[PDB]
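S.K.: First the structure, which I've put down as structure tokens, then a few questions once you've had a look.
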Number of protein chains: 2
Amino acid sequence: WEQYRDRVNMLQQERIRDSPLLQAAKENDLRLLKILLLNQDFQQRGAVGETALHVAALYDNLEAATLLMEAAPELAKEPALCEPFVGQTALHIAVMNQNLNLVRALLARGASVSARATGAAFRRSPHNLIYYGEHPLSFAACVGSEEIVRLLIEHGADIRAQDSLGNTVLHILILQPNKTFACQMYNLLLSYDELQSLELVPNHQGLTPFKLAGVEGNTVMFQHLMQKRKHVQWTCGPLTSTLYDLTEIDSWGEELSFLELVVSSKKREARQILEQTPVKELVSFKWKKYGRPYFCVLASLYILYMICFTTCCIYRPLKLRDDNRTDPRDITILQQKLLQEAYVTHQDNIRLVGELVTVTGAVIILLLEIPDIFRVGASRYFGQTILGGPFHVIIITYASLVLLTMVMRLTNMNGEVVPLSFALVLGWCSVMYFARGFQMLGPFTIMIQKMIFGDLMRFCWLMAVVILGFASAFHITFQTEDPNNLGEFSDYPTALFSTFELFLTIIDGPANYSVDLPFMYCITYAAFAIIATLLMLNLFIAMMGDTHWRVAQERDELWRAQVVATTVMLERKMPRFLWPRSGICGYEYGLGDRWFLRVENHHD
Amino acid sequence: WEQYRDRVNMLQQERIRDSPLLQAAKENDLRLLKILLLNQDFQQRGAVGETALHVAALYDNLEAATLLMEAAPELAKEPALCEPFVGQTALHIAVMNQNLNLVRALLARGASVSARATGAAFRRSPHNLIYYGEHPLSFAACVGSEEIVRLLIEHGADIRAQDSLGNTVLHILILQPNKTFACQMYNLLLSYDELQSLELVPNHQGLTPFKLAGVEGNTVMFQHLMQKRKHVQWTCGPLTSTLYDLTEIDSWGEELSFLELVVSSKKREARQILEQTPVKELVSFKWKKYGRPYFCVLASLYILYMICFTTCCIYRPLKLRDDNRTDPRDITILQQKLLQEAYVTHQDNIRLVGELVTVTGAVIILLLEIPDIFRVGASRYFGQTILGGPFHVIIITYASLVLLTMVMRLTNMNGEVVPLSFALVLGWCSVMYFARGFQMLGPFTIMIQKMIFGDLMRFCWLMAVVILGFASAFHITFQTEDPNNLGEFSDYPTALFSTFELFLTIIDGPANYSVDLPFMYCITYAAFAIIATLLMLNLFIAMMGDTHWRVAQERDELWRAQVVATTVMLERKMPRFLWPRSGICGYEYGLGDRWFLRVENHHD
Ligand SMILES: CCCCCCCC(=O)OC[C@H](COP(=O)(O)O[C@@H]1[C@H](O)[C@H](O)[C@@H](OP(=O)(O)O)[C@H](OP(=O)(O)O)[C@H]1O)OC(=O)CCCCCCC
Ligand SMILES: CCCCCCCC(=O)OC[C@H](COP(=O)(O)O[C@@H]1[C@H](O)[C@H](O)[C@@H](OP(=O)(O)O)[C@H](OP(=O)(O)O)[C@H]1O)OC(=O)CCCCCCC
Ligand SMILES: CC(C)[C@@H](C)/C=C/[C@@H](C)[C@H]1CC[C@H]2C3=CC=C4C[C@@H](O)CC[C@]4(C)[C@H]3CC[C@]12C
Ligand SMILES: CC(C)[C@@H](C)/C=C/[C@@H](C)[C@H]1CC[C@H]2C3=CC=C4C[C@@H](O)CC[C@]4(C)[C@H]3CC[C@]12C
Ligand SMILES: CC(C)[C@@H](C)/C=C/[C@@H](C)[C@H]1CC[C@H]2C3=CC=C4C[C@@H](O)CC[C@]4(C)[C@H]3CC[C@]12C
Ligand SMILES: CC(C)[C@@H](C)/C=C/[C@@H](C)[C@H]1CC[C@H]2C3=CC=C4C[C@@H](O)CC[C@]4(C)[C@H]3CC[C@]12C
């Protein structure tokens with residue numbers, strides 16, 4: 001909340017400028033500070049509970065801080081006592097200002113090296129511009145001063161300490177945007193670290209520093225981590241045979257693997273870690289050997305199942321209508337057969353076998369799609385475009401509509417045409433889910449997805465506004481006319497549908513040249529042809545062209561992300577005997593229990 | 001196979017780390033090596049059959065290699081004895097690591113300079129990252145160390161030696177990606193070469209180094225080869241008159257010429273050699289003087305032949321139907337005349353003359369197109385887009401359909417409309433083959449080809465999926481309705497055709513405003529108008545626009561490649577008296593039997 005933080009900062013500045021000691025410490029006024037510290041409070045606090053030493057350390061005044069530490073040195077151990085800054089000692093502010101002399105003086109005076117800055121300003125939030133952690137070692141690692149890190153570690157800072165989110169100092173080091181010096185600081189902290197190692201300590205969410213580097217899109221820290229796990233077997237000429245380790249990449253026998261955390265991430269940059277050196281090799285092996293033929297087999301089985309469903313839909317049992325067509329505008333000549341009237345002939349028995357196959361396929365689809373929602377969460381399963389969220393919504397709706405059609409068929413309920421048409425359209429449009437397995441058809445589904453949940457939802461309000469206005473105009477111009485001669489605008493729903501058809505130029509303009517149409521229709525339809533047909537439609541065509549160009553710029557990255565997501569899904573759902581553990585065995589060749597991957601690269 | 005090569009490498013590293021001698025040679029451990037070589041095997045081998053000297057040479061340990069060569073020097077002549085590395089001595093690994101001292105020590109010890117590295121890793125394959133050949137001189141030329149080349153040649157390496165593919169050292173030099181230093185290495189090896197020259201030695205495929213440089217897209221080596229064949233007549237001011245040699249470019253009196261090998265190549269870069277200095281001049285002379293008027297004459301003759309075929313198709317003999325139209329939905333009022341009933345009047349005799357002209361043209365087309373398939377191969381004749389593969393398929397199908405129509409006409413078989421329509425469409429669409437002879441119409445055929453075998457085959461699966469789903473929905477919504485009022489969806493093939501028409505907006509939406517259509521048709525057609533008409537169609541429009549832009553970026557190169565392919569085809573197929581040998585005579589002007597080409601260029 002910005003209006004509370006501004007009030008806190010203004011009250012802090014008012015309390016600094018009101019007290020003479022805080023004002024003398026702020027401006028580095030040595031004379032007034034010496035006068036006030038010669039004789040008379042040393043423990044007066046501002047609006048945020050900060051002492052005079054915090055004010056002296058905030059404005060980088062070393063001499064005023066030494067003068068304030070000459071008398072009553074316990075201010076080195078006094079933390080702030082207010083909500084936006086809880087526990088912020090002078091050491092944190094001295095480290096953040098990167099003043100080595102003030103940090104050395106505070107550690108000589110005996111400041112707490114394990115004091116936690118548990119305020120609201122130090123938490124990880126979009127309100128806070130920086131997440132530097134809570135312990136002063138985290139601040140010293142994130143700022144980028146190695147001397148302060150060595151001085152804090154030699155004075156007894158704990159490298160294994162965790163903040164309120166559970167993040168260790170490596171986790172807060174990974175999250176920094178300055179990823180160049182952060183690798184050197186990571187190497188320094190790993191050198192100073194000698195139970196389990198600091199690399200295997202997870203946070204409260206459950207992520208290791210390797211997995212957190214994978215999630216947050218930190219490619220440089222990912223390369224720095226993987227350069228400590230490779231093993232160059234031989235470098236012969238331009239050929240180099242590296243042996244990468246898949247212990248923290250494959251994550252075999254785990255609830256959530258590394259690649260599933262990488263792909264199902266809100267950060268955009270994480271897909272770049274699907275283009276790194278061991279990960280791309282690993283997913284290419286797992287896709288070309290196992291993922292692609294199993295995905296093609298599943299696609300062929302689903303296509304045959306949809307063909308059986310379509311064949312059961314076309315041969316739906318219909319009989320002659322018993323009631324006579326009294327209304328001249330009624331064209332219903334057939335109605336649905338009853339349950340006793342149907343399933344008599346042998347062709348109806350073949351249809352019954354096909355319908356049993358269809359309903360068992362729908363039950364299998366529901367049993368395969370429902371527990372993943374409870375496992376991974378409803379917001380992430382239906383939300384991610386790469387994972388196939390809309391396809392999961394479509395296939396769950398299709399299975400529910402097939403079950404609803406079964407219920408309506410067993411209970412002799414008329415009106416199966418509506419769920420059968422819904423199920424046919426959704427089930428056939430869910431065949432395009434299996435187009436992600438091919439590079440020639442992969443990004444096209446993403447193009448249609450970004451044109452439907454993108455430009456279509458951003459232009460349908462303007463389209464519906466124009467449709468409503470011109471449909472109302474076309475209805476009231478033809479309210480006083482004979483509906484037989486021009487019945488395109490006779491009822492307001494039919495006027496809305498006719499104008500929606502005329503927007504996309506899929507029907508002709510209504511014209512009857514043997515009768516006198518009203519002139520207001522002519523002027524209003526000229527306006528509709530200019531504004532809606534010509535101008536606003538071809539704006540949407542250009543928006544779709546820009547969306548197609550935007551996806552086609554990054555088609556390979558998006559198809560690779562779809563490949564990794566499909567490979568992770570097929571490794572998780574299919575049984576283990578169809579998916580052996582990828583990589584070299586390792587134990588057979590005299591090495592440990594780790595599973596390795598050999599990459600031969602052509603350098604120089 | 002990667003899973004075998006990884007197993008071989010891991011077994012090799014395990015056998016290195018198991019034996020103490022191989023481990024001492026790997027780590028350059030002098031103490032353990034001296035202890036093991038003082039007293040006790042010197043001939044122990046690893047998983048790939050490599051000796052200890054191969055391990056010492058693989059890790060660039062010169063001192064350990066000299067210690068291993070001090071005792072039992074026969075390890076300098078010991079090759080590996082396993083399948084992925086056959087015959088790989090220590091000299092090949094010493095040359096690949098570019099260690100001149102180790103190569104000199106191995107040649108002093110008496111290593112085999114003609115040992116062949118006939119393993120699977122040294123062959124030319126997409127599995128292997130490098131193709132450096134088999135003989136150590138090929139390795140020394142490909143790595144780029146002139147001192148090793150001179151040391152191997154002075155010790156007795158054969159420059160004329162060929163590997164399993166028949167490639168000499170020049171062939172393996174051309175295939176390298178580092179084409180800058182490869183020209184200098186080529187010049188050094190030609191200087192050291194003093195029967196026929198090394199430039200005229202072909203491989204097992206039949207290609208000279210000039211032809212292999214032409215095929216593989218190596219433009220820099222092509223310039224380096226052509227700078228040894230030019231002859232500057234006079235340089236006056238800014239004008240330079242060079243006299244290029246067409247002995248290895250024109251290839252007169254040969255089964256496969258140089259330009260036919262350049263154009264009909266799987267490599268993309270070979271078309272750049274159609275833009276070089278003598279080749280572009282030569283094909284421009286051969287096209288502007290001979291190829292263009294002969295191609296225009298053939299185009300005019302084929303257009304007149306297709307006009308005669310169309311005129312015979314329009315005047316096809318038809319008589320009144322003998323059977324009465326019993327079915328009210330039947331509109332057949334004419335049927336085909338019999339063979340005895342036809343060919344009676346004088347106009348039928350004119351039609352008979354035209355049909356004889358048509359069938360002789362089809363026989364001529366078959367006799368001109370069939371033996372080229374057996375000559376150049378079915379995979380290359382119908383495969384290359386530049387050569388006109390689809391046009392050859394179309395014209396062979398057209399000739400076969402004309403012959404089938406002749407067979408059905410002679411045997412009084414009804415149903416000539418189907419092969420006549422097939423032959424008319426294919427024969428008229430084969431007129432666009434003759435559009436490659438004009439720069440204003442050249443790349444347009446390539447645009448249509450890349451939009452048909454490209455984006456159309458990559459989008460027709462999604463299009464057919466949407467067509468099948470919405471056709472099934474529109475059929476089952478109108479299964480219970482009267483087919484007289486709205487017969488666009490009455491049968492499932494007719495529903496498929498009507499939805500395919502509604503996809504491309506070539507017919508209107510089915511609407512009958514005098515009767516009550518079902519509302520599910522209205523919602524499903526609104527969905528079809530949004531998803532299929534508006535979104536997915538204009539995605540294909542944008543894909544075709546991107547394909548058109550991609551071809552229009554490189555229109556001149558593609559048209560030049562079409563010109564060279566057409567010129568080669570017309571030089572091969574037409575008789576020799578219409579195609580004199582291009583270039584200056586040479587023998588008349590006191591020079592040799594070579595045929596030259598004069599190029600005047602404006603330098604500076
Ligand atoms: C029947 C289907 C139901 C699907 C329901 C669930 C649908 C579902 O799974 O995604 C919903 C969508 C997700 O976002 P969306 O599809 O727009 O795409 C993501 C993101 O929102 C941006 O739009 C994308 O970048 P840009 O802005 O294009 O540059 C970004 O690309 P990248 O940077 O990550 O690479 C994407 O990650 O959010 C909505 O807008 C709701 C519209 C709902 C409209 C329909 C409501 C029924
Ligand atoms: C009736 C006609 C029959 C023709 C049969 C034979 C047709 C025939 O001769 O070419 C077939 C085609 C060749 O490849 P295609 O036409 O796509 O074009 C080549 C290549 O495959 C790439 O597509 C092109 O680059 P890009 O990817 O565009 O960037 C490349 O350009 P360049 O880099 O070389 O400059 C081209 O050399 O391969 C198929 O995909 C089969 C589709 C068959 C579909 C239809 C099957 C009946
Ligand atoms: C049955 C009729 C009445 C209406 C409701 C039908 C709507 C269908 C055609 C629409 C609704 C949402 C659309 C839709 C949702 C999301 C996606 C995921 C995207 O990555 C590819 C396109 C795809 C798969 C499309 C396909 C067509 C769908 C499924
Ligand atoms: C992009 C915009 C323009 C799209 C979303 C607008 C949708 C509206 C205008 C369309 C979509 C489906 C149409 C529709 C659905 C079904 C029926 C029932 C039918 O008996 C009368 C027409 C009627 C009532 C029309 C009214 C207009 C609707 C609701
Ligand atoms: C007769 C009807 C029923 C159907 C089969 C006809 C198909 C024709 C129109 C289609 C089939 C394949 C198409 C086709 C094949 C390939 C090429 C080569 C390309 O470089 C230019 C376009 C061109 C020449 C086009 C022309 C139109 C063709 C020949
Ligand atoms: C790009 C996609 C959408 C293209 C290739 C799809 C093709 C399908 C949908 C089209 C192409 C030709 C069409 C076609 C050919 C001929 C006939 C015979 C006629 O008596 C009934 C319609 C029927 C049976 C239709 C069915 C639908 C077909 C097969």
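The way I read the labels, and the way they are meant: chains A, B, ... in the order of the structure tokens, residue 1 as the first residue of every chain, and ligand 1 as the first ligand shown, with later ones counted on from there.
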May I have the residues within 12 Å of residue A:185 as number ranges by chain, using only C-alpha atoms and disregarding those fewer than 4 positions away in the same chain?
M.R.: A: 137-150, 169-170, 172-174, 176, 178-181, 189-192, 221, 224
S.K.: Could you list, as number ranges by chain, the residues of chain B having an atom within 7 Å of chain A when counting only C-alpha atoms?
M.R.: B: 6, 10-11, 14, 58-59, 96-97, 129, 458, 462, 465-466, 469-470, 472-473, 476-477, 480-482, 505, 508-509, 513-516, 520, 536, 538-539, 542
S.K.: Find the spatial neighbours of residue B:114, counting only C-alpha atoms, within a cut-off of 8 Å - ignore same-chain residues fewer than 4 positions away - and output them as a list in words.
M.R.: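 Selected residues are residues 135, 136, 157 and 158 of chain B.
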S.K.: Which protein, DNA or RNA residues have an atom within 6 Å of ligand 4, counting only C-alpha atoms and all ligand atoms, as a CSV table (one decimal) with C-alpha atoms, in the first residue's frame?
M.R.:
chain,number,residue,atom,x,y,z
A,460,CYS,CA,-15.5,-8.5,-29.5
A,463,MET,CA,-17.9,-5.8,-32.6
A,464,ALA,CA,-20.9,-6.5,-30.3
A,493,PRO,CA,-32.7,-12.1,-32.3
A,494,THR,CA,-32.9,-12.8,-36.1
A,496,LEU,CA,-28.8,-9.7,-34.4
A,497,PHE,CA,-27.9,-12.9,-36.2
A,500,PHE,CA,-23.6,-10.6,-37.3
B,519,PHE,CA,-31.4,-22.5,-32.9
B,522,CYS,CA,-27.6,-20.5,-35.4
B,523,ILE,CA,-25.2,-21.0,-32.5
B,526,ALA,CA,-22.0,-18.3,-35.3
S.K.: Hey, what does DSSP flag as strand (DSSP E) within stretch 270-360 of chain A? Can you give it to me as a list in words?
M.R.: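 Residues of stretch 270-360 of chain A classed as strand (DSSP E): residues 318, 319, 320, 334, 335 and 336 of chain A.
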S.K.: With only C-alpha atoms as the counted atoms, please give the residues lying no more than 8 Å from stretch 358-366 of chain A, apart from itself and same-chain residues fewer than 3 positions off, as a ChimeraX atom specification.
M.R.: /A:305,308-309,354-355,369-370,395-396,398-400,402-403,406
S.K.: Counting only C-alpha atoms and all ligand atoms, which protein, DNA or RNA residues come within 6 Å of ligand 2, given as a PyMOL selection string?
M.R.: chain B and resi 268+382-385+389-390+394+450+453-454
